[PDB]
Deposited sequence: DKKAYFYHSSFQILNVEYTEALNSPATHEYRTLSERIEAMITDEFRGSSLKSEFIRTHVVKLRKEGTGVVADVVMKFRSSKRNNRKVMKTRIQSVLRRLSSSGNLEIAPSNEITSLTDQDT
């Protein structure tokens, strides 16, 4: 078969960008990157792309505003447009606002289903 790479910039919800995030060598950077990679891996492992997904990795954490954005590369084995539409249906499971996002932790602020 053939290899395909996809990348996106995900808004990393509920995490303030701190200096430790400036360096890939820090505990903060590596643990957040590892959590994000585990989340993406788990989603594809539990999707229609389970046999095609190879692995993922955060290429870098960037600061946007005071929040964090993670540039992520995803590798698949298997048209790049076709693979893309399948991927989008999985990433949609990680989003709650329609944005390309990932929440290492979900904040609960009310007691009713706000959807």
item	value
Parts of the chain sequence, as deposited, that carry no C-alpha coordinates in this structure	1, 80 to 83, 121
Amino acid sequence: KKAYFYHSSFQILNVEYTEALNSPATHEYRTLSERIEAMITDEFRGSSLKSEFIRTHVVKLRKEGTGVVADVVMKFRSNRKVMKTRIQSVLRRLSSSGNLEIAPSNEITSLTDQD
From here on, numbers count along this sequence of modelled residues.
property	result
Per the entry, higher mean C-alpha B factor between 99 to 107 and 11 to 19	11 to 19
Selected stretch [higher average CA B-factor]: 54 to 62 or 83 to 91	54 to 62
Largest Cα B-factor, entry values, listed residues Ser33, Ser48, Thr41, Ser78	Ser78
